[PDB]
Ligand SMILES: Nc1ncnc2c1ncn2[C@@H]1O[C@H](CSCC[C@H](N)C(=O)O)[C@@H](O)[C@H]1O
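Take a look at this single chain in structure tokens; it is the form solved without S-adenosyl-L-homocysteine.
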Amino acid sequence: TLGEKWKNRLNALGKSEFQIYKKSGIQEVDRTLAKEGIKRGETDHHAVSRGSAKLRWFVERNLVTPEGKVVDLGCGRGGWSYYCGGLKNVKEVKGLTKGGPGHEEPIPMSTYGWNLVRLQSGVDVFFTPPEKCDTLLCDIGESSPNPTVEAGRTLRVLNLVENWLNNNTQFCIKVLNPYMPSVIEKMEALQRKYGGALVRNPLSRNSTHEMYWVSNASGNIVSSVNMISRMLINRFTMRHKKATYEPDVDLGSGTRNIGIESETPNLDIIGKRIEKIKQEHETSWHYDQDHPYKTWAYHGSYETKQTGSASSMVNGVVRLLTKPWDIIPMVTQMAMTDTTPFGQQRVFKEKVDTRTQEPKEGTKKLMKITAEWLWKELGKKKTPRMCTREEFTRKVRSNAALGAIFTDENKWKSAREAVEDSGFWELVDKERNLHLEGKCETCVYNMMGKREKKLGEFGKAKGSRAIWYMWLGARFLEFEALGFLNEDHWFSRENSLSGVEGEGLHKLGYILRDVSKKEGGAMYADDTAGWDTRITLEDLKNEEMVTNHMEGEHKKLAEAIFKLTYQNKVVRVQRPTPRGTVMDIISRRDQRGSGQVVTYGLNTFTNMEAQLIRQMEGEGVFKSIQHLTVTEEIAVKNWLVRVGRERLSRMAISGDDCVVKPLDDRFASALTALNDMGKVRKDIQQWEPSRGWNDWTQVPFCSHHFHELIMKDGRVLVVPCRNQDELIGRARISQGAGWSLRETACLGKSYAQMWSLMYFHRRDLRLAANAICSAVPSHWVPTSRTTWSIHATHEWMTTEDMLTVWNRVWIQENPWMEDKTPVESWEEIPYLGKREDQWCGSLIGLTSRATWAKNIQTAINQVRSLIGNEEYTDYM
């Protein structure tokens, strides 16, 4: 056909002549500004790719009218999806792409209606099950000199797309090679079945012969193809016309609401708080109609100033020593996250805004009974009591493990400054008097977002954090109400036979060893994806039952705190807008938000209860969860009395991390009750049986694996271990309390001793800890919160030499060590084998050592002097 002649003619050409044929009447878009707009980091008013104008040309000429739900196949960077998001009738856009080398990946942008668009990467379309949709877009296809392979690709694309269409779905599919018969015959049946036709986009380059199949059109294929081929072969006869430049589209900025709400507030509880907040900022109080909140109620918003940035301080002193670690991508990619309002909104949309489903009757009864029994069991030896102001003053004065709070920067500047003033206590007393009558007025939260890298989410042991700040007075009130749980060690291993609170990091391995001595199956260590957001109202009501052991003012205060604050929340959060930055206020009932220590205790309790119920179910005590009958209620109660205590001794629960050794392997197949309460496991199929371990040295716990070591004389120790890259990469990050040399130097020296105390057994970390301590000028107290906040040890902060501390920790205060003969040098301590060190992430053994060995001798002895005028003292 004429298309074949045109293709042969084009193929018979030179590159210099080719480069001029491309632009001979096509229409171009002037991207002279978009490239450098995107390069500097702008995220609005810009078009990511060229396809936005291509699709716009179709939409304005009403060839295809998107509506309802839109599915994009092979979105690439995502121009078409971003353009479609800002339309009127569009309700949701979903895009799938196949990322990787040689392929485009999606990029994030904040144009109009950016909250309705979701994109995925690394997904292959050809083996993806179909789903319901109302509009279908496909822009896949690659060119090749051979026409036969192009025909095969077109046929494969058509066969893939055929399965998705229905009778009433709008479509726009690109066809690449329509001028040769084997595609023409296939398209005949498709056009007969579904209608439409083919049209050419003027903006397309002159090199390609591609067409598009649209929904609202009519005509004949072969005549159109012949006309286009004739135009193509007649085109290269006139002069070179300058391409008619066209202005690129702009998309504006903002958010867009969908119009559905599924939460109702309780006005009689939060009316006073809302009124006070409104009266404080009355000048710019307005109601926005574009709030993207679905499961949270919306009340209003005002104006504020943006806080936050991308990436944080990197410890200058820590660098210049770990020079060979700059090339490693894990260390650099994890440096620091994004906390700008855009990142906060992204996190809030991704993780916080969810919904859970209520359980059934039998589950409710089982949870009630188990919670009652457990609460009666824990308080056998203890007795609740109230805390005093003196204890709080002492705690705040000594920089104790206080919760994440803000110190009301307006009136005062720091907590220690604000404690001594009397007006603060007057305000606290006023709020206490208000609370005693079942009312609250100044108890609101502040949200802050974090967690936003690509490879940082896999090595920060968290991600999607979304921490909650609280006013100082409310923190004191909560402390006074419920400090006895932590001040009395209610959850220690002695009182409750499962908790490990108060145990240092260097002691958990012995506990894991002792658990392994029992009889049964294998160890199971499943985890939950987003534990904090899966808490339902039933769990809160069950945990509220501790007030039954209280009396008087203590009982009244505890009940008021539980009822007015923990299950009726008001939160402030930021949001970018075309007029600047605004702060919204929202409300919610369920989900967990409180102080850190209280949250830790309650999470431990709930985890223990859920694990007990799962162990119940695996044993076959009860069968059906739809409804629970008599002769099973008594059976459940008898099981708890007979063997309840010894079953609790088979587990070890720190926070929401659990390790269980059941009686038999039936434990892995019982997943009905666990799924019913909402505690869905992470990275597994819903009904897939779990996986166990036959060795205790492989089970992860608190993001650690515990090796065992043999000394020279014969004694055996158990030591913690991690992936060295994570430790090195975290050691480079400064929390932001610097702006000085002394602060950062002290912090570096402070957690350069963690490595000499706990992680001493590996080659590559014991050498990098002597240099840093030989570089600081000594004589400076290393006082700074380093890491492992939950592990209440913080004992490597002393001033004296490390050998004495090592002897005191690993020999004399070790109950599992029998003889107490001490050591007197740093050479008697052995190393972690030879190949196990490389397995866990060292840089020794081969050519990597040929690169690193520049660090030792050659670089260390010279960088310590590179520290500069800042003095020091030798330690190695």
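The numbering used is simple: start at 1 and walk along the sequence shown.
The same protein has a further form, the form solved in complex with S-adenosyl-L-homocysteine, not shown here; the description that follows concerns it.
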Just to confirm the contact call: exactly one of 101-109, 660-668, 386-394, 639-647 touches S-adenosyl-L-homocysteine in the deposited complex at a 4.5 Å heavy atom cutoff, so which is it? 101-109
Partner-free chain; cross-checking S-adenosyl-L-homocysteine in the deposited complex, the single residue of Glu131, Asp124, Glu417, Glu437 with a heavy atom within 4.5 Å is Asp124
Residue (of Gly76, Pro292, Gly748, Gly618) lying close to S-adenosyl-L-homocysteine in the deposited complex, criterion heavy atoms within 4.5 Å: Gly76
Contact test in the deposited complex: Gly51 vs S-adenosyl-L-homocysteine, heavy atoms, 4.5 Å: yes
Verify the contact flag for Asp584: yes if a non-hydrogen atom of it lies within 4.5 Å of a non-hydrogen atom of S-adenosyl-L-homocysteine in the deposited complex, no if not. no
is_contact(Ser301, S-adenosyl-L-homocysteine) in the deposited complex, heavy atom dist at most 4.5 Å: no
Answer with yes or no whether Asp139 is in contact with S-adenosyl-L-homocysteine in the deposited complex, where contact means some heavy atom within 4.5 Å. yes
